[PDB]
Amino acid sequence: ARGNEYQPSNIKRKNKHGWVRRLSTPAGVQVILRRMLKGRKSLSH
Amino acid sequence: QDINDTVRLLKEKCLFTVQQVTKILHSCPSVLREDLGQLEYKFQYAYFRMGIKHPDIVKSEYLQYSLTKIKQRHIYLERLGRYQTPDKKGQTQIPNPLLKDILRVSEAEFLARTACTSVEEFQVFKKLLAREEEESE
Amino acid sequence: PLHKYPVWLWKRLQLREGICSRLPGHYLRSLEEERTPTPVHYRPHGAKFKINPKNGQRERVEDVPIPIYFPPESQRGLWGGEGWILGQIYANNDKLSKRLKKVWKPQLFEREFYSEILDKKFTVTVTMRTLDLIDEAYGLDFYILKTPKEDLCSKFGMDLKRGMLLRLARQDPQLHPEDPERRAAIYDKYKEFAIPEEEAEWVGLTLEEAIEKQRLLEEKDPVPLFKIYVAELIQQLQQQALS
Amino acid sequence: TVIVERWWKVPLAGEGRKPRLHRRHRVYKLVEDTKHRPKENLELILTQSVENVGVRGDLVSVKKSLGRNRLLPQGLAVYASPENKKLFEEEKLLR
Amino acid sequence: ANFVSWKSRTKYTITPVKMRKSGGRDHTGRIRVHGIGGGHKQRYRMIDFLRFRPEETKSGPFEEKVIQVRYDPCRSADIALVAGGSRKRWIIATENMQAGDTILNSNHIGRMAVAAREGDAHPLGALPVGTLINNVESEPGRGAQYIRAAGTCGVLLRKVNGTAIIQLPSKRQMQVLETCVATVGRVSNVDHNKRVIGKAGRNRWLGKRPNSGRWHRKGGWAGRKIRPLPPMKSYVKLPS
Amino acid sequence: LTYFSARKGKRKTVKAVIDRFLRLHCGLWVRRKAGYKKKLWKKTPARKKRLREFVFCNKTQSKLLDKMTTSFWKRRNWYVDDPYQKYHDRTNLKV
RNA sequence: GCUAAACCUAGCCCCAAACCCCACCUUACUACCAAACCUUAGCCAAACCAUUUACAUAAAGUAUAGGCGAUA
RNA sequence: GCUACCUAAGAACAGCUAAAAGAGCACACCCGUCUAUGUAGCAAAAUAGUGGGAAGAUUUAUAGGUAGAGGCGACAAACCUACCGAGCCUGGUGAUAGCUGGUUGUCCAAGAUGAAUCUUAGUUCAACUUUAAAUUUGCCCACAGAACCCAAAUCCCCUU
RNA sequence: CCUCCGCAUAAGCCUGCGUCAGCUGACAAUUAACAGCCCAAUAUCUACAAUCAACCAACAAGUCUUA
RNA sequence: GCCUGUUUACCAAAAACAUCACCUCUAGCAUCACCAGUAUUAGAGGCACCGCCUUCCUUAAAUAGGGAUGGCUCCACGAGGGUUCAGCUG
RNA sequence: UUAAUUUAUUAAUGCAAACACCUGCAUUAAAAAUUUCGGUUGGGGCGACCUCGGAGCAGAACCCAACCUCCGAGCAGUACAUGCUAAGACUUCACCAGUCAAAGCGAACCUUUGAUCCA
Ligand SMILES: [Mg+2]
Ligand SMILES: [Mg+2]
Ligand SMILES: [Mg+2]
Ligand SMILES: [Mg+2]
Ligand SMILES: [Mg+2]
Ligand SMILES: [Mg+2]
Ligand SMILES: [Mg+2]
Ligand SMILES: [Mg+2]
Ligand SMILES: [Mg+2]
Ligand SMILES: [Mg+2]
Ligand SMILES: [Mg+2]
Ligand SMILES: [Mg+2]
Ligand SMILES: [Mg+2]
Ligand SMILES: [Mg+2]
Ligand SMILES: [Mg+2]
Ligand SMILES: [Mg+2]
Ligand SMILES: [Mg+2]
Ligand SMILES: [Mg+2]
Ligand SMILES: [Mg+2]
């Protein structure tokens, strides 16, 4: 019954975790800054 | 401000409906003259110690009568055992006398039909109760 | 590792580098110097020493200022160094009771002030303290020109200061045109505050505003190398002809 | 203005050092609110005849509200600065 | 939330407007009013509650022809498309308003009382005392705000000086300058009370939904309780 | 107590001890008797006399107090007219 | 005799010194349309917890503060 | 991106019976009554049969909204990314734990059953215990001795 | 012998049984008409459902631009 | 229990929740919900459609079943909980 | 929740402050917030107990439990040296606390409850 909580949709993916939304708020900008400091290859989703 | 606070006491701290408040202010505007605190004590005396509900309070204009008279008659009845505060369930072993029979009537009928005692006894009780209130203060 | 310099000195180091270094010396000194603002929300100690009653000994006393919070609205008004006190209290003023967050805010008024030097009426959100300070200074212009940056604590106040100082330095005829006698009277009244225009230009400018001003001053479209090489060639040919 | 005072004394910092504040040093008691102080008066020198106060050149103690709302804004009065007092003194002695 | 109110149209029109449902949510996206949601899609017909609105470059009392009387999804009262001069507008239809009828809208406070014909709008000063009225303004020219639901009728109780005392359908008196306009008669659809919803589905069509947790305060709904005084604490709840 | 303070890394003194006990340099601790100021009206004269006395502490009590105070409180103090100057040292003590 | 066993430098740690073409904020990496500032709290210690505690050297753990106690 | 509710604009609902139905039977579809199987399973909730609804308060695709003492809830303390009486991640944080568990070479020696305490699962003092040191009696112990009221023994100490 | 199966679109995924030579590597491949990516503005316009829309039946009252 | 519906995703689908109906309380009012609404309205709570008044039988055996504001009235419906005739059957 | 502590925040009022709005200070509410759940005894209840003292258990130095068997107390009367000092001792098994007391000085010629801090 459970396990399939991920129902992929690129629109939701980008609107929820994308670069633009991350930069839309100071908290998201700090998310990006933390990923950059850690050296993540993928800063945003 | 005086009118507003009287009405606010009647509504908030006394839980009288708007219609009940209009009825009170229509039957007996002396409530407005009567100071706060004293009015709240009178209402709570009716509610808790006497076990009366808002409909009956408004119907009998209990707020019209003076607190001293109210106590003088009710405490007399209670100690005589003819009046019993309703229990948590709101019931009593014996039905209580009606507020019209308690306060509206004169001292004669009050002591003859509801209390069935003597006027001299009532005078002694009144003096004793006055002393008790003085000491309590 | 360890930084060569303490992290708290990094701002000063940056001021000693780049465009901030090219900034005028007087402005840099004004930024560097920091003076404690006048006590507003606390009563300062009378003297530096005090006989504490508990043991009757002479003990040093210091004035520790209360942290004041100035909401950005204050920068558009003239609060006479007054601000929000963001602090805490003890319920019923006994330390054995609960500790509660408490914010004290100044009573703000909207008032209209006329500036003689600017010949303009400003509607400014103000405090009774500011009104009293203006009264003690004998006018808005005097208050602005006397009160230092720290005591004034208002970007609007510092902009008014810069405007008045520039007006005085330039002796601008735009102050009451066609009334030179009145203009001279005003300038004489506020003569004591006059300073060089090169300095009045930088009064009350934030660091970023000063940086932008300096960048605009020193921005120049590069000269084509054609002109430079022509000048050099002509100069060399002149030398050869002379020799 | 609200004037406050620390409940907890702050240890001395020194000469050039700055006091180090802690959680307890953010607790205040209101020693006074200046807005509740009794009103004082403003000293002004009148420039034009004004009813029930004066005529011209006479130092007057007026309620701060009046002085700041009517007299000074309208030019009916000027601040009682030493300069204004001197100027009106020459005006008086030149009459 | 990215909520922008649908009530953005600036120019009055006859065309029904596509209105977005709210679900009882604020612009913040949180539920502010419970029990709202779903229901039939509806279109809003802009109602002109200022009955005396003389046309452009025109003035004085004017008449209007009742083009039709229509059901309004957004009201209990039914509305009337009514046309005058070269304009049409929606108004609230009175009880006996019929298509083809003539309606008079005047601002004239005649010295005598004007014969009150159902549907026409006159200043309250011009009405006989005791006439049934609806679509009453609070101020002159404000626009009707009171007595607008189906079948409702206030009464022009009194007229003294420039002030009229009206009895609102809640049987509460209201003071209004006699220059403020009102329309005669009771609002249409007088049988709105007697309508029986019959089933839960019909309310769900009407956009009412069953909703719980309507209070959001700790402990949910809590009826007011009389806090006893120290003397009465002894008798608050006497054990049996 | 604090064996290593957070600012100096030193051992701290329990000031509750300093407010209650006198240390004689030799190693003795003197104290007042508990209740010596309480309800004297109901105490017999002998009990009051016993309570008004300055009393020495146990060996273990003295050791506890020594641990709870630092070496500053365990130094020679040459006060002007110390009433305990004579008591600061022991005499004719065999073991 | 299988599985395995072993290995030594890849680098790292602590100091010192020194102040360190094109594309991309729209669904990023997409050539081109009319707006910031604002007390940390709490864990924890006090054997609970509620005020409180808990974000060069020497003077000195002294003066002081403190449910005058933990402690500072 | 599950789920709860909501917004926008979409879509689906055979056949028969009945007539404009929160109508009947019954497909698709949705659900999950009962039974069996499965129980590291096909499956971190399934399978087979049976069963409820199936033109509605229905089901459902798409995009958007409401965020943690908060949301949402036809209140089951239900749901909010498999573990919600209050999510998850990071940090404070090496939280705290009078509680459980663990605590790694050889060899020798000494070493065992009251008071207070929000205290009896703990601690402090005592007693005991260990080490080192000082100097001088220590234990055993007969005779003598230790109460009136109304037994076994014990205490005390010259000698030894 | 078996199947509410199959083929497409959407969504999702992203080369994931094409060829070749040794699961790995190399080589190849999906070609726009379908679909997406739109609109020059200012204003003024736009009461009259749908249900074969004609009767009939209503209520829950229902995507509606020219100069 | 009126009904169709909802619910403890993953042990409870129910008599619980909702529900038309009814009652009580609160509100006289507009430009971001309620609402582009206005007392025949809106919000909240309670209650429950609706309507009317104030020892025997069953079995052979029966701890089962059925019958001799309040009091009643169950039309229909139900994977609800009990009892039963007849049939059917490993 | 009628447990304790608060009202920071809102809502009302009141008082000042500026001449509807706003600041400060009080009061009352609403809403909440923080925190706690003593110990020993008692299976068919509806509690009892918690400190001190006397008697038995515990017969004869001291010491000895219990949900053990019984009893009693939270002071009074007296005087107002019932003052001050001080050798030496006892001690409720620790400490805290509690007792007795020669000599001396001074008047005269006594028989139970509780610490610290804080006021
Ligand atoms: Mg989905
Ligand atoms: Mg603790
Ligand atoms: Mg069908
Ligand atoms: Mg059906
Ligand atoms: Mg639901
Ligand atoms: Mg429940
Ligand atoms: Mg439950
Ligand atoms: Mg989870
Ligand atoms: Mg640990
Ligand atoms: Mg051994
Ligand atoms: Mg205790
Ligand atoms: Mg323990
Ligand atoms: Mg049911
Ligand atoms: Mg379940
Ligand atoms: Mg379900
Ligand atoms: Mg189930
Ligand atoms: Mg059976
Ligand atoms: Mg059903
Ligand atoms: Mg002892």
# chains A, B, ... in the order shown; residues from 1 in each chain; ligands from 1
call {"tool": "residues_near_ligand", "arguments": {"ligand": "ligand 11", "cutoff": "10 Å", "atoms": "only C-alpha atoms (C1' of nucleotides) and all ligand atoms", "output": "number ranges by chain"}}
result
H: 117-119; K: 38
call {"tool": "write_last_selection", "arguments": {"atoms": "N, CA and C atoms (P, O5', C5', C4', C3', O3' and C1' of nucleotides)", "output": "PDB file, in the first residue's frame"}}
result
ATOM      1  P     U H 117      14.784  13.262  57.692  1.00  0.00           P
ATOM      2  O5'   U H 117      15.222  13.374  56.170  1.00  0.00           O
ATOM      3  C5'   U H 117      15.658  14.605  55.624  1.00  0.00           C
ATOM      4  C4'   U H 117      16.353  14.400  54.307  1.00  0.00           C
ATOM      5  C3'   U H 117      15.514  13.792  53.201  1.00  0.00           C
ATOM      6  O3'   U H 117      14.734  14.758  52.530  1.00  0.00           O
ATOM      7  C1'   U H 117      17.607  12.696  53.314  1.00  0.00           C
ATOM      8  P     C H 118      13.166  14.536  52.313  1.00  0.00           P
ATOM      9  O5'   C H 118      13.086  13.543  51.078  1.00  0.00           O
ATOM     10  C5'   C H 118      13.720  13.842  49.845  1.00  0.00           C
ATOM     11  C4'   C H 118      12.779  13.610  48.696  1.00  0.00           C
ATOM     12  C3'   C H 118      13.216  14.154  47.348  1.00  0.00           C
ATOM     13  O3'   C H 118      13.976  13.204  46.621  1.00  0.00           O
ATOM     14  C1'   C H 118      10.949  14.762  47.805  1.00  0.00           C
ATOM     15  P     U H 119      15.504  12.882  46.980  1.00  0.00           P
ATOM     16  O5'   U H 119      15.429  11.765  48.106  1.00  0.00           O
ATOM     17  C5'   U H 119      16.615  11.239  48.680  1.00  0.00           C
ATOM     18  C4'   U H 119      16.351  10.000  49.497  1.00  0.00           C
ATOM     19  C3'   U H 119      15.495   8.940  48.840  1.00  0.00           C
ATOM     20  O3'   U H 119      16.272   8.095  48.018  1.00  0.00           O
ATOM     21  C1'   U H 119      14.747   9.322  51.061  1.00  0.00           C
TER      22        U H 119
ATOM     23  P     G K  38       3.822  12.217  43.962  1.00  0.00           P
ATOM     24  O5'   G K  38       5.260  12.688  44.441  1.00  0.00           O
ATOM     25  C5'   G K  38       5.404  13.817  45.285  1.00  0.00           C
ATOM     26  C4'   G K  38       6.463  13.584  46.328  1.00  0.00           C
ATOM     27  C3'   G K  38       6.398  12.245  47.039  1.00  0.00           C
ATOM     28  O3'   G K  38       7.026  11.214  46.303  1.00  0.00           O
ATOM     29  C1'   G K  38       6.583  13.964  48.633  1.00  0.00           C
TER      30        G K  38
END
call {"tool": "interface_residues", "arguments": {"of": "chain F", "to": "chain H", "cutoff": "10 Å", "atoms": "only C-alpha atoms (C1' of nucleotides)", "output": "mmCIF file with N, CA and C atoms, in the first residue's frame"}}
result
data_model
loop_
_atom_site.group_PDB
_atom_site.id
_atom_site.type_symbol
_atom_site.label_atom_id
_atom_site.label_comp_id
_atom_site.auth_asym_id
_atom_site.auth_seq_id
_atom_site.Cartn_x
_atom_site.Cartn_y
_atom_site.Cartn_z
ATOM 1 N N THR F 60 36.567 16.482 60.112
ATOM 2 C CA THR F 60 35.988 16.314 58.783
ATOM 3 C C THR F 60 35.281 17.578 58.331
ATOM 4 N N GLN F 61 34.610 18.267 59.246
ATOM 5 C CA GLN F 61 34.023 19.550 58.893
ATOM 6 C C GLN F 61 35.103 20.533 58.470
ATOM 7 N N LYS F 94 50.525 18.236 71.876
ATOM 8 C CA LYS F 94 51.251 16.989 71.679
ATOM 9 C C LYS F 94 50.459 16.126 70.708
ATOM 10 N N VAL F 95 50.950 16.019 69.481
ATOM 11 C CA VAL F 95 50.332 15.156 68.487
ATOM 12 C C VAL F 95 48.885 15.571 68.264
#
call {"tool": "residues_around", "arguments": {"residues": "residue E:211", "least_positions_apart": "3", "cutoff": "8 Å", "atoms": "only C-alpha atoms (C1' of nucleotides)", "output": "PDB file with C-alpha atoms (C1' of nucleotides), in the first residue's frame"}}
result
ATOM      1  CA  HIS E  34     -15.307  26.765   8.138  1.00  0.00           C
ATOM      2  CA  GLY E  35     -17.942  24.809   6.275  1.00  0.00           C
ATOM      3  CA  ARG E 214     -14.073  25.015  13.684  1.00  0.00           C
TER       4      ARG E 214
ATOM      5  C1'   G H  73      -9.752  16.835  10.102  1.00  0.00           C
ATOM      6  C1'   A H  74     -18.202  14.292   7.809  1.00  0.00           C
TER       7        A H  74
END
call {"tool": "closest_residue", "arguments": {"among": "H:62, H:130, H:136, H:37", "to": "residue H:9", "atoms": "only C-alpha atoms (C1' of nucleotides)"}}
result
H:62
call {"tool": "residues_around", "arguments": {"residues": "residue D:67", "least_positions_apart": "6", "cutoff": "12 Å", "atoms": "only C-alpha atoms (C1' of nucleotides)", "output": "PyMOL selection string"}}
result
(chain C and resi 131-132+135) or (chain D and resi 40-46+50+53+60-61+73-80)
call {"tool": "residues_around", "arguments": {"residues": "residue B:79", "least_positions_apart": "4", "cutoff": "12 Å", "atoms": "only C-alpha atoms (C1' of nucleotides)", "output": "ChimeraX atom specification"}}
result
/B:71-75,83-85,115,122,125,129
call {"tool": "residues_near_ligand", "arguments": {"ligand": "ligand 15", "cutoff": "8 Å", "atoms": "only C-alpha atoms (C1' of nucleotides) and all ligand atoms", "output": "PyMOL selection string"}}
result
(chain H and resi 31) or (chain J and resi 7+9)
call {"tool": "write_last_selection", "arguments": {"atoms": "N, CA, C and O atoms (P, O5', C5', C4', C3', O3' and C1' of nucleotides)", "output": "PDB file, in the first residue's frame"}}
result
ATOM      1  P     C H  31      -9.771   3.088  -3.990  1.00  0.00           P
ATOM      2  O5'   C H  31     -10.795   2.525  -2.914  1.00  0.00           O
ATOM      3  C5'   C H  31     -11.404   3.387  -1.967  1.00  0.00           C
ATOM      4  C4'   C H  31     -12.568   2.719  -1.290  1.00  0.00           C
ATOM      5  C3'   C H  31     -12.223   1.635  -0.288  1.00  0.00           C
ATOM      6  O3'   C H  31     -11.964   2.187   0.986  1.00  0.00           O
ATOM      7  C1'   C H  31     -13.992   0.925  -1.712  1.00  0.00           C
TER       8        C H  31
ATOM      9  P     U J   7     -13.704   8.057   4.274  1.00  0.00           P
ATOM     10  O5'   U J   7     -13.276   7.796   5.774  1.00  0.00           O
ATOM     11  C5'   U J   7     -12.887   8.868   6.612  1.00  0.00           C
ATOM     12  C4'   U J   7     -12.759   8.412   8.037  1.00  0.00           C
ATOM     13  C3'   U J   7     -12.038   7.096   8.234  1.00  0.00           C
ATOM     14  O3'   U J   7     -10.636   7.270   8.224  1.00  0.00           O
ATOM     15  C1'   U J   7     -14.002   7.172   9.575  1.00  0.00           C
ATOM     16  P     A J   9      -6.045   2.665   9.650  1.00  0.00           P
ATOM     17  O5'   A J   9      -5.497   3.427   8.374  1.00  0.00           O
ATOM     18  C5'   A J   9      -6.375   3.938   7.385  1.00  0.00           C
ATOM     19  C4'   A J   9      -5.910   3.568   6.002  1.00  0.00           C
ATOM     20  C3'   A J   9      -4.864   2.460   5.945  1.00  0.00           C
ATOM     21  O3'   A J   9      -5.106   1.630   4.816  1.00  0.00           O
ATOM     22  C1'   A J   9      -4.018   4.395   4.906  1.00  0.00           C
TER      23        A J   9
END
call {"tool": "residues_near_ligand", "arguments": {"ligand": "ligand 16", "cutoff": "7 Å", "atoms": "only C-alpha atoms (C1' of nucleotides) and all ligand atoms", "output": "NGL selection string"}}
result
(:H and (32)) or (:J and (12-13))
